[PDB]
Structure formats: C-alpha cells, structure tokens
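Novice: part one of the complex, left exactly where it sits:
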Amino acid sequence: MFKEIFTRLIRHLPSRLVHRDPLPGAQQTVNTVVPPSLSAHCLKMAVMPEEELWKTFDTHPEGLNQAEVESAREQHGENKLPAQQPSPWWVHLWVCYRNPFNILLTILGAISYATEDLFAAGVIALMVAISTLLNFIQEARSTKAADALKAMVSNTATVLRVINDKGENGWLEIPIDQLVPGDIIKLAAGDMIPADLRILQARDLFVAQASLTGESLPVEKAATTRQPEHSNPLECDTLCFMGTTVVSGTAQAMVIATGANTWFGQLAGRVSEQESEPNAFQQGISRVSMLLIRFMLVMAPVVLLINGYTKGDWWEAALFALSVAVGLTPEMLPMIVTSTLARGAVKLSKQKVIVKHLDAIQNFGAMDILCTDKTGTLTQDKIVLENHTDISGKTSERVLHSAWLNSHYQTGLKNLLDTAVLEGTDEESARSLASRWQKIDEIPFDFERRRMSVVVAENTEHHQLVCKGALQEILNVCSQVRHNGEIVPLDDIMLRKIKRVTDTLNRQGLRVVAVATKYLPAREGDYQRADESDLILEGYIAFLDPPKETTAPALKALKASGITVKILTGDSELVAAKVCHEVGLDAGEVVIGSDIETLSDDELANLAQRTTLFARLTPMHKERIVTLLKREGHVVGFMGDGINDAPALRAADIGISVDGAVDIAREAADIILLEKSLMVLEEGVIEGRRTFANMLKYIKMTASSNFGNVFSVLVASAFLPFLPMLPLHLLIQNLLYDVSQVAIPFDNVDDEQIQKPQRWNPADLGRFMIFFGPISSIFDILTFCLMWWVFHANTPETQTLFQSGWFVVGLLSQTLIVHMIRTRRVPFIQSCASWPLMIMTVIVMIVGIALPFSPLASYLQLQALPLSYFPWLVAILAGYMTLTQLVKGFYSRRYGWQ
C-alpha cells in the first residue's frame, strides 16, 4: 500500500480518450464568487457604444482575410479548453522511452556485458529500442485514428469571413474551435452560443439562461440596452455566454473572448480541480496494473537471490531476474487498451454509431436499462391524417387559417404540426393571407404554460392574438366559444362535452391541439404572458402519426439481449399507451408525473422498477428518475434530443443521442447515432460487447503465460548450474510474442459470451493467471529434464544447445496455447479463429523455428540443433496442447470464465 513510487511506475492514458469531457457548457453552478476583475471587465465590455467595439478589436463587417485571422489566433490562442490539446509527437516518443524498467535494464546491460561482450550490450539496446518503437508506433497510430471521430460530429458556427477571392463574404460554417476574438457570427433558433458575444442587431431574440442562474423562463435579449441599470454581469441584456441556447428569434453578434479567458472557465473554476474523479474504467485499469506490479515485485527478488547465491556473478543474476520479470510490465496496458478500442470505434463508425470518447464502449455494452422517449423512437414523426374540425364537429376552414398564421409568423423550433399546417392550405389562400397581414410581436413557448402565441395585425386599427397549445391549457383560459357562427359565452356543460369528445378522440392515437384568438385594440408597448386572458375558443386539430415499421423486431431483439426498455414521455396518458400497445410493448400500469412529486427516494427507487411507462413528466422528473434507476447496481442509458434534456444525458451512465438535433443535446452526449432508430442501436450494442470481449482475452492470454515462465524459472534454476536461457533470447522471445499478438484485435468472438449484459471484474485476472500458469511449468521442467539426460547435457563448457532447445520449445508453447484457451468449446471444430491471427501465428512460428539455422545465430550467441530433437519437441507440444483442453472444465466450475 501507499508507495508513491507505485503511482509513478504507472503511465496514464490522456484524459481526452478515457474521461468524459468536463465542460458541457454549464457543469455545476458552483458558489465561486470569483475575483471582481472578470465581473468588472464584463460590465465594462457591456457598456461601450457600437463604434468603440470597431476599434477595440479589428472586426470589420465584411469578413476577416486569411492573414489577419491567423495572426489574431496566434496572438490570443484557440477556442479550446487546455485539456483538449494533443501533445507533440517527439514528447510522446520520449515518454515511451524513459520507462523505469527499460532504463534499469539498459543500465544493467551496460554494466554487465561491457568489458568483454560489448556486442551483447549493443544488441540489448537494439532490442529495447525496437520494443519501445513498436509500442510507440501502435499507440500513436491508434490515438491519431481515434481523434478523427471526435471532430466528425463537432458543432458548427456560421461566420461571415471571406471565401472565394476577396470580400466575397460567404457565411460559411466552421467548427466552434476555429474561432478567433473579434469575429462576427449569426445566431438562429435552437443553436448553442459558442462563446461570449455582443449583440449588434436583434429580431426579438430569446435565450434560456437557466444553465447559469436557474430562472427556467427564457430571458429577452436586445441590441441596445432597455433596462436602466445592469448591476450584474449575467443580466446585462447585451452580451451572451456559452452553454445557453437560443429559444426564439434571430440576431447577429461578434465574439469578445475565446478559450479559457471567457466565463464558465476560470470564473466557474472548471479548469481548477474538478478532475479527481475516476469513472470506473480508470479504477479497473489501476487495479489491474497494481495487481501486475505486486506479482512482479513478489517474483523478481527471490529469483535474483537464488541466481546470485548459486553462482557468483551478481550483476548477471540481477539482469537475468529483470529479463525474466519484464514480461509483466504495466507499460503494456496503454497499448492493449488503445489499439483494441480504436478498432472497435472505427468499426462502429462504419455502422453510423459514431463514438466520441473511447471509454463509452465499456458502458455501451454493459447496460441493462434503456430510458427512451416516444416520438421519433417509436412513431414516424410524419403525420398522415389531420382533421381541422370545429367545436361542434364540422370542418371549419377558419380554424385552419387561424392556425396558419400562428405557424407562419413564429421563429421557434418547427414541430410535426407546423409543417403539416403549412402544407395543408392551398397556395392561393396562403398567398392572400401573407399579403393581408403583417407581424407585430411574439410570445415564445416556455414550460409550465405549454402555450405559444403571436400578435398579428391587418391594418392600423386593431391586433389579433391567435394561440395554440395543449387542450387543457387553452380550455383553462378561454371564456367564449364561436358556435354556429356567433360568439356565445362558455358555460359548464360545454366544458364537460369537450372533455368527453376529445377523450374519445384519444385512446386511438390521435393528438388534440386547440386554437384560440382575441381582438385587441391598437397598442404600442410589448406584450407578456399575462396578456393571454379571456380569448374565444374556435376548435381543435386532431392528427395521427403512425408507428414506425421497424419497431417490434428491434424491441424483440433488445429483450432477447437482456436490455429492458422504459418509456419516459411527456405527452398525455391516454395516448402513448395505445402507441405502446400497437408495437407489442407491455404497457401494463402507467404512472403520471403528479404522483412522483410527493414520493420519498426509497419509495420511488422501488416503484420505478415495475412501471415501464411514465406519462406527463417535466424534465425535473426525468432527471430524478434517471438518477434513481441506478440504485442497486444497474447501468442506465438515456436517449433523447430535445432542447431541455441537458442534465438527463449527463446524469445517466451513457448519453446516446442523434445527429441532426439541438446543439446542446449533442454537446452533452457520448454516442452520436447518425440515424434515429432502434435497430441501429441494437446492431451497435453487439459490436460494443464484442470489441470489449477481445480486450479481456488479450490481457489474460498475455499475463498467464508470462507468469508461468517466471514460475518455471524460479522453480528450475535452483539446481541448474547455469542460466537456462540467456537474457537476449528471452528478450527476442518476448518481442516475437508481441509481434504475434498484434492480430488479436481482429479475432472472432463466440455467440455465448455476449448474449448478456457483461460485468468486468478486475480480480478475475489474479485467479485465471494462477490456475493456468503451472500447466506450462510442468512441461517446461519436463523439457529441462529431457534435454539434460537424453541429449547429454549439463556441462558448463558447452551450454548453448540447452538454451537453444528451451528457447525453441518455449516459443512454440507460448504461441500455440492461444488457439486453445480463447473459447469454452472444443477448438478448430466448433469455434475457430480469424484468419489474420492464424497467418500471424504461422509466420511467427516459421521465423522462430528458422532462426537457429541462420547465419545470424552465432551473432546472437546461439547455435544449431540436431535433427533428432524434432519428434520429442512435437510430442511435448502436442501433450501440452491436449492437456489444457481436459483441464479447462474445472476452471469454469469455480467462478466463471466470463
């Protein structure tokens, strides 16, 4: 325990490949007051006139040429966090070369084989150099390939710039990282704010400043200040901050700060600390490395003492001990992780399952609860039927026109209703209505009201207040009904008639949306929420969106694989239960969102496991239920692409999203699907499990044989009067084994280890490496005895034959046990291996067997081999390969292979 050196002998993968990005835009709204310097700077930056910003920076409303932009970027920096910047390649090569084991091995080789055998020191240096070069090349290629997927789904911003020749403007799109202070961008509806901005012109813009303050309701933004005093940096009504979204309207602005110099960085303390959080993966890797280093430190010094006490060459004994123990170095773990996860990431990218950071694969194949939504996931989102009826039940042709205006003079996100309404009316009426009315104002949508209104006028006499929304949210405010072509007061029986007729319209999959209007005199101020009072109800619009064809087979496959699907919707409870019944899902009993509001954590944690359907949920309920569903040991995934599902994605253990959605919903995600569906997800889960199934095998088959070799050396070398194998032979054996192992990430996995949500136990290695280690030791000692007695050996004068024989038999045994302990079934007749692995094994086997009979054998302190040794070698190899097949039965009976 403790041993601060043990934390320095373990290298770490970069924090961009294994850790979730710490900056979603908001993260945690800490109570850090921060020095008043930044607040004063922001307040100063929010008061200068338009002309001052012209000269403070080099901004020009015609674009920035390709020369000034580079100079300004180099002067200031880049729009990236400090932790997201890759390291230089030469530093990467250097850090992979100063490993303590490698440096000690080189120093000890220089000490021992110098005064008489300088060539041995040279070849030792060559071997360590080639090993570290192989590791560096593999890791560098994998980490370069893994960063191409991160930039393929990056957010974009619309800058003006210059594109073609000169002053051509262009309004081209660039990634948010290629941003420079003093640059002008344009904001539209549903768009993340890249960095701190300064609005120049406005068109009734609204932003959701809830990620920083918690006001929930959107806050209006304008170019020239309208409030008398700001007194705060977050309410200046003139700037913008990253992490927020644009809810309504369009505007233009110019950036004033980028990188870590903005808000949410040093102001929120995101860079300061907040990094001492290992996310499971970083704990398992550390535990595995600690186990390996503990076993190495246990094994090495006993062998050192034995070889230093039997003979008198202490330096040689220490070097031999280090050479034997080098096979269990923790330095191999980064290669094992990166070179295997990168290939899985590329294969997933081939199936439109783009993965942002490599760690997501571990949680993507180990989950057992999927929390999705209704629209898009189950339904087509394209409606094929709609009836713009009236209050009595007749086609009106007035409700449709009163709903066209509300869906043509609004700048919010378009729905599945607005497109249908725009495509429903004929061209002539649309043109006439467009020519007859002019937009005046707009009240944007916000939750807890569920209602959107727009104010339109025809002439300079009066104004209209057309309105839509859910049926209950207009029926709760309206006061009159236009019945039989005349305005009549709304009494109580008419309220009990609509709630029956429209409830009958439900239970069939039809959604109901009401429409209300109001005549209002000529005003000059700005409207607000409270203006929507005492309107006249006109009618409703009932429409149907059918279920997607590829829904039932996806659910059957997900149930077969062990994943349980739960629906967290925010629609009505009568609908979303018929939809769940048309696709075969067992809705059972539903739970509304009002009951959850008065339940304790213990009650909810046990209620939420037998529901399968929650209706009428606010986002807070979603975020609470997602958190509570992870109670016992489960892994919970949330799939959603709305504008308000920012905390839910981070709260769950995975953040599955969809490409082509709101920017904030993609900035907080982990896996970005390229096509919203459920069959793609199902086919990607299988590959996610399969890729991670190779890593465990690649670790186990490498650790077990090395431990067996170390144990054999410890047991046998005591009686032997000389070193069984010279260290150079061990080094070249390890190098050849590492070369042969490269083809493992391209293996075949049986269809029995993946049809279950798999859980990773790092302590299984310490048992699998003890049960499968001495099996090689028995045959190694048998080969020692056979070469000693049959072939007239154990002569201090002549010993190269013994070392050559053990080298050959050891390489054969090490390389040929891979094909037998990779499966639970009988090999080569039920579960074979992939062709590249066989090809690499054969090539390495030929190279190893042909090395002693080569001109270079004498240079490497090795000699030839008699032709009578081959049958005994084959017999020993076949016996060792056969024995493990019979032994394998007892291991799984104890705790389980996987």
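Specialist: Arrived safely. Numbering: from 1, shown residues only, chains lettered A, B, ... in the order given.
Novice: which SS class is residue A:675?
Specialist: coil (DSSP: H, G, I helix; E, B strand; the rest coil).
Novice: Next, the contact list for it, please.
Specialist: By CB atoms under 8 Å, 6 or more residues apart in numbering, the contact list for residue A:675 reads A:352, A:658-659. C-beta here means a position set from N, CA and C on the backbone, and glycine is covered the same way.
Novice: Same question for residue A:814.
Specialist: Neighbours of residue A:814 in contact, by CB under 8 Å, 6+ apart: A:705, A:709, A:733, A:737.
Novice: Would you confirm that it belongs to a strand?
Specialist: No. Counting by three-state DSSP, one finds residue A:814 to be helix, located in no strand.
Novice: distance of it from residue A:826?
Specialist: To residue A:826, residue A:814 is 22 Å away according to CB to CB, to the nearest Å.
Novice: Likewise for residue A:549?
Specialist: Spatial separation of residue A:549 from residue A:826 under the definition CB to CB is 42 Å.
Novice: What are the boundaries of the helices in the stretch 1-150 of chain A?
Specialist: Ranges of helices in the stretch 1-150 of chain A, per DSSP state H, counting those that start in this stretch, are A:36-45, A:50-56, A:68-76, A:89-95, A:100-112, A:118-146.
Novice: Residue A:445 is nearest to which of these?
Specialist: Of all those, the one in closest proximity to residue A:445, counting by CB to CB, is helix A:36-45 (29.3 Å).
Novice: which of residue A:549 and residue A:826 has more neighbours?
Specialist: Neighbour totals were compared for residue A:549 and residue A:826, and residue A:826 leads with 11 against 8 (other CB atoms under 10 Å).
Novice: Chain B should go on the structure too:
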Amino acid sequence: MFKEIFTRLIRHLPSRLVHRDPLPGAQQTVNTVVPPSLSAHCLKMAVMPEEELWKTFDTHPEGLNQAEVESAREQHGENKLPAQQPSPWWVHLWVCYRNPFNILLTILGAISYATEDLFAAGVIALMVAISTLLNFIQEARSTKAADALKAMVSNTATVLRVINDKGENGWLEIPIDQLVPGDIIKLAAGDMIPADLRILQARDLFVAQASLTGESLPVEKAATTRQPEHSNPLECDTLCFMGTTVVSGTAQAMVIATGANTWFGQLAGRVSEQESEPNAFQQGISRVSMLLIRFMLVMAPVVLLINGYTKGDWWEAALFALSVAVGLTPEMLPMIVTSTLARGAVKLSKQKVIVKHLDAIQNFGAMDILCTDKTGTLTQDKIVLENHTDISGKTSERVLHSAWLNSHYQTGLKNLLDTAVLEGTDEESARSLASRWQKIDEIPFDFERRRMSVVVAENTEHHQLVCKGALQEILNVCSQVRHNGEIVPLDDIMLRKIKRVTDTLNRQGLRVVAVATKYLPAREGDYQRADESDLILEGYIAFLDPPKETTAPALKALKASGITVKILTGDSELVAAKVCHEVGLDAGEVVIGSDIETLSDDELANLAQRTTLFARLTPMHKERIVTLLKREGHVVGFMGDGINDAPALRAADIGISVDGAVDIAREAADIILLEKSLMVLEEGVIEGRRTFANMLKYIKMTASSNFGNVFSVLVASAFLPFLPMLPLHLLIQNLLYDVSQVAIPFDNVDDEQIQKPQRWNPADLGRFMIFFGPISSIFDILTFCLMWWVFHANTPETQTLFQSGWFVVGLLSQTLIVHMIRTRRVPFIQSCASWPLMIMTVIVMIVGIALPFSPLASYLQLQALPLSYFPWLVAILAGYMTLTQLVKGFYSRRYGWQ
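Specialist: Chain B goes in next, on the same frame as the chains above:
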C-alpha cells in the same frame, strides 16, 4: 458456313438451369386431342364406392409406414417431371471426356509420339486428363450448389403418414415431390392441388378451375356426387387436378396418380413437343460459341499447312496446330457460365433474394420497368385506425357485430380488415355471439361481383345474410337503410349523400367497406349468387393503413439506377393516389381500367409509357398491360403475390414474388424474396448486375490472349526452322492460366458499369478480340528476335533454350495483362482487384518461374536458363504492360467497352 445441325461440337447446359420450368400447373390450354384411354380412366376412377379405393391401392387412414411408401414409389415412380431429374455423376464425367477436340488431340499424340518417345504420349494423356478433371470438378460442384436453392422454396403438402414408426399419425409437411400414389392429404384455403386427388369428405370446398376450362368462377367440390351425370373428365365433381387452387372451405382427399401419369401431362402435351424455345440466354451462349468455333476453323488449317510445308513432319504440324488452337475451345463455356452464376446465386441467397434458376440473374440486372401493387409494397398492411360508424355518422356498435359474424364464419383468405375486426371486439361480446349463433352456409368471394356472404342462424325459425364488400357493389343491391333505429326505404337523395360523405372519407387515405344484412325464413336447400337481393344497409367501416417507413429511399435508389416504377392497382382511383403522393412518387394523370377496354394495341402501347398509375384493373387488364410494355425492347418485371396473378408473373420477363404467399404465385416465379420490401430488391439488383459483369470479364479476357497467341504463331512460324514451343509447354501454359483464372468470380467491379440497366451484345467479343489481340503479337515477335540474335540461337541441334524463353515470357504476359484490361480507370491507384485474384496470380507466377529450374524440367523436355535473360524479360514485360494503358483510349471511343 451455316451448317447448324452439323455443328455438334457444342455441349449444352442442362435445361433445368437455364430454362423456365415448362409446367406452371396449366401452361397453355392448347386444343390437343385428348387421349381416349386417359379420359376413360378418369371417368372410371370417379365412380367407385368408398370401399373400392381401399383395395385399389394400399392406403390406410392411419398413415403409411416407411417401407410401403418406398416400395410403392419404386414401383410407380416419383412426383416429378422427367426433365427435372439429375443425371448420374459417372455419366457426367464421361460426357466431359468424349469431347471431340480432346479425343482427336489424344489420338494424334498417340500417333506422333509413340515410336520414339512413349513418355511424351503419356504426359499428353496426363495433361488432357487433368484438364477435363478440373472442368468436371468445377461444373459438378457449381451445379450441385445451385440446386440447393431450388428446393429451399419448394411448395409443401400436409400428409398424415407415421412419425414415430410405431403409430402416431403426425400430419407432417413434405415437399410435393416426395408424394407417393395412394396417400391421403388434407387441403386448406389457398393451397395449390399437388396431383390428381379423390375427395373423401368435404366442408363446402371450392376450387378455381379457371386454368383448364376458362370459366373464371369457382366450382363447388363434393365428396359424394350430387350431379346426375358427369359426361366430362373435368366436371366429375369428385376429383381434383394440379394447377388449380382452393378458394374456400376445407377437405380431405387421397392421391391417385402422380408424376407424368396425371392430367396436364400427356393430356396437355407438356412433355411432348413445345421444347424448341431459346430464352435469349440460350441464343447468346450459342452465338458466342459459333463465333469462337468459326475463328478456330479459320486459323487452324493455315498454320497446319505452313508447318507441314516448311518441315516434313505432317503429324507434328497437325498436332501443333491443334495445340495452338485448343485455347479457343467452345467446351470451356459451361464452366464459365455455371461457376460464375452459382456464386452470385449463393451471395443473393445470403441476402434473402433466393433465385430459383440461374438464368434469372441475366434478366434481373437488365430491366428498366418494374410493375408492382399498392398494398404490402408501399403500405404496412396493418391498420392503426378504424371507425365502425353508422349511416348518419355515429358509432353504431351494431355494424361491428354484423361484421364480426361475417369475419368469424368465413373460410377464405384472411385480409387486413378481418384481423382487426376479430381483434376490435371485447372478449365477452365475442363469446356471447359465438355461443348464440350457428353456421349454416357460405357464398364464397368471386370477381365481377366483389362481395362475400355467409348464412347464419340462431334458432330454427329464420336465418341471416350478412354481407360485406365495396361500397358501390353493395349500394347497387340494397333497398332499405336502418336509420334512426327504424327500417326506412332508401330513396335517391340518400344515395347522393353517401357517395359524397364517403368520397370525402377518401382523398385522405381511408378505405370504405359497407355492411348489409337481410332477414330470411327457414330453408333447406343451397344458396346461390342471386339470393343477394333487397338487403338493408346498416353502415360502413373506414380504416387506414399507413405508408411503410422504408419506401421513399427505396424509390429514390430505384430511380437513381434507372428502374422506372409503375403502379398497377385494383383499388379505388381516389385512394392509391394520396398514397402515391405521401411517399413522394409522382402520379400526374390517373388511368381507369374501364378506358383500356376500348383501346387498340397501338394506342395502349403509346399510352402506357407516360401514366405511372392504373386504377380499377381486372387481372386481364393487368396481363394485357404487362404484355404491351415490352414493345420497344424494354424488360418488364412484375411483383405480385395474389391468388389470381398467375398469368401475369409468367407473361412478364421476370417473375418477382414473395415467400409466404399463395402456392400458385410461388410456382410461377423466378425470384422468391424472403421479405416483402423495396430495399431488399434494390440491394439485390446491384449484385445481379455485378455478377454478370464478372461473367463478361471472364469471357472477354480469355479468348483475346489465345487469339493473339494463334496469330503470333501463324506470323512467326513461317521463317522459323523449328517449332517455337513444344506442344507440352503450350498445354501446361493453358492449364496454369486456367488455374490462375479460377479466382476471377470473386473480383471487385467498379461502380460505373452497374449504374445503368446494362444489356448484352455477343458481337462485341468479335471486336474486343481483334482490337486487343495483335497487341501481344508485336512483343512476341520482338522476344523471338531478341532471343535469336542476342542469345545465339536457332541452331537446329540446340533449341530448348528458345522454347524455354518463349514459354516463360508468354506465361508472364498472359497472366499479367489481366490486371489492366479489367478496368477503364488507371489500375492500382483508382481501381484495384480482389485479394484472391492477386494471390492466385502470384502463386501461378512463382510456379511458372520456378518450373524450368526444377528436377522435373528435364522430364518435360526443358532445360535451365542463364541469369542474364531476366532484365530483358522484365523490360519487355513492363513495356507490354504499359503500352496497353495508353492504347485503351481509342477502343471505348469507337463502340464502347460495356
């Protein structure tokens, strides 16, 4: 030269692999003289009592043991046409060995090389044997693989038999070719009759005998005859014949005749005559062979005369002539065709595009018009909404039960409406209705009436006549309307109201189905079509089946590839036009099927090219329009799976069907999709186009080089005083080239030759072989000159050096030209080749190079080679390989590569 009959040097592929099965069940009802013996036997069969058929055969109503069935099958035969039986493998080996070219070559080798060297004759025999053995193995393996896909979609039949051999009945399903005479089978609705039957018990069975008589109406089938006199073999009312389906009811019969001893065999004359029909493929395969044989007889005798006049060994000259000319043999075509089509068929089988006979691939990648049907191809075929309303527009709750009774007492094919109605009622009401009523009779469905009726009684006092069908086909009969709870007479305005309300229900995608009942007193006879008079209308049912999600991308992909899609529906003309608009397909103007009935052939031919939609079509219109769309030369495909689209699938140039359909629809089809969709078809069309490209390449890149070698020999053998290459070397060259070419049907085809509905022209082989042939003769004569002058040769005592050099350079030039005349782009940087082809090329190259420097070289009359010809070999090879790249430009600009 003609002499088509004299040309018996053309072996033919079996008729079961390239020709459509001549027995679709009815074929053509030609007026052939009926054999009196067969008619007498048929009339005699259907008069015996129940007990006589017990002893006429060995049938027992408990099954047939696994011994009696085998003996009876061996005594009578098998339920298969004589043309669909495989040949013994030893006969296959023999027919591949008696090839006239091979026999003449062997005889001439025996004549020439026997009095001075028997070893030469021995090795000649060995070479020809190994060649014919390779061809036999390839063809046999491919034709064995190809017949596994033909029995995977074979029609089944429910026989009783014994499963445990101790007595358990079983009712197991077997293919219709394992049927033994004297066996009992059970018939259900929608089941083609396997063979001639004998009905034992009946449950109001109906069979559509419209494939042998043309009545077009179902004919009732009984168990004990009720008609007084038969007087005809096709109206006995007790027997069944193959080719006819079961429309309604269930029954149990016993087979009497199987195989070619049935009706439709010697009666319809299917086996006798009507065999001389080449289906395009059999014409191109003949013309290509004719061209090859014409060139061979043009080239051989001139070379024979030259080598017999220059030298004096006439036998050697003739043997050399045949050895040079053996490359252009027509015997290699069957291997080229089968071994390349079988792999494509297997790959299609891997994508659920199962192909019945191998010729369908040629017409599956060359079609430019696709004719399909609305339901199932565009809609999901399951309804998500339905309204069992009343005449005035209210939920009647009475029209539903009057529909449940009809949908619960029918025996015909189930529809999308019946499943919903059976699922659209609560369990209690269903149980009450089932326990209250009883079934009496049933009038089946038939076209030209478009309705179904069932007679149901509750107490023995009266009955009911609940009827279903189209709105116009029921409103044309009914006389009263149950309105406001009282039966009111129907008048004219009530007819102009329904046809407006229900036409407003259309234009939205809703289908309308009416319901009518009638109160009828107690009867004892059988009802007919005319009893449906003066019914009381109750209401209609409007439902909606939504479009399938994967429809628009499929249509976009099909339009990209050039496959124009046309709709031939049999539904209303108001619906099926909104459905086409929802999926994005253009409709324009709609053509009703009544207008087509009064149009000539030319007007219909020039009209059906710009319609894209046909509404309200009877099957005769479907067949006529399908026939008349092949006017210009286009290829027309029909997709359909109904009970009446039997002649349409055969009239079209390709019978695309769907697995799981009616048996008659599958028995008259070429491709059986395993999943109804428009994306599986699209992904299979590309593979179909791609396999034919590989076939064309494999044909083209073989004959041109051989013609080049023949021309080179003809040019250069005059002045040369001895044979440039001994015949054994040429034979081994051809053998090694064939071994290298084995891997061609695994190649990569560029995505430029398959983006158009390609079509085949056999005359292009007589041009590509003349343009690219002599391009190898210049380098061949240059190599001759270089070896003669630079290497001090053409001494009539030492000549093996010349033969060795030319053999090596010729093998190199033949094998290395493949990789550049296989694409139009620049090779190895824009379009590479598949790895197996490269591996085979490398292996063959190594074997060819190492052969002269081998101990066996002296046995084959071939010596070593000095280490100075290698640079000249490499230089000339590179020059020849790089000249054709520049030459390739002028070829495509003349008539086109493909």
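Novice: Revisit the contacts of residue A:675 given that chain B is now included?
Specialist: Contacts for residue A:675 were tallied using CB atoms under 8 Å, 6 or more residues apart in numbering or on different chains; they are A:352, A:658-659.
Novice: swap in residue A:479?
Specialist: Residue A:479 neighbours (CB under 8 Å, 6+ apart): A:489-490, A:534-536.
Novice: can you tell me the helix or strand for residue A:648?
Specialist: Residue A:648 belongs to helix A:646-651 when assigned by DSSP states H and E.
Novice: That helix: what's the following helix or strand?
Specialist: Following helix A:646-651 in sequence order, the next helix or strand is strand A:657-658 (DSSP H and E).
Novice: returning to that earlier point: what about burial for the contacts of residue A:479, which qualify?
Specialist: Buried members of the contacts of residue A:479, scored by 16 or more other CB atoms under 10 Å in any protein chain shown, are A:490, A:535-536.
Novice: So which of those residues belong to strands?
Specialist: With DSSP state E as the criterion, strands contain residue A:536 from among the buried ones among the contacts of residue A:479.
Novice: quick one: which of the buried ones among the contacts of residue A:479 is nearest to residue A:287?
Specialist: residue A:535 (64.6 Å).
Novice: What residues of stretch A:623-630 count as buried?
Specialist: Buried residues in stretch A:623-630, counted by 16+ other CB under 10 Å: A:623-629.
Novice: Most widely separated two among the residues you listed?
Specialist: Spanning the widest gap among the buried residues of stretch A:623-630 are A:623 and A:629, at 11.2 Å by CB to CB.
Novice: Give me the common contacts of those two.
Specialist: Counting by CB under 8 Å, 6+ apart, nothing touches both residue A:623 and residue A:629.
Novice: about what we covered before: which members of the contacts of residue A:479 are the farthest-apart pair?
Specialist: Across these, no pair lies farther apart than A:489 and A:535, at 12.9 Å, counting by CB to CB.
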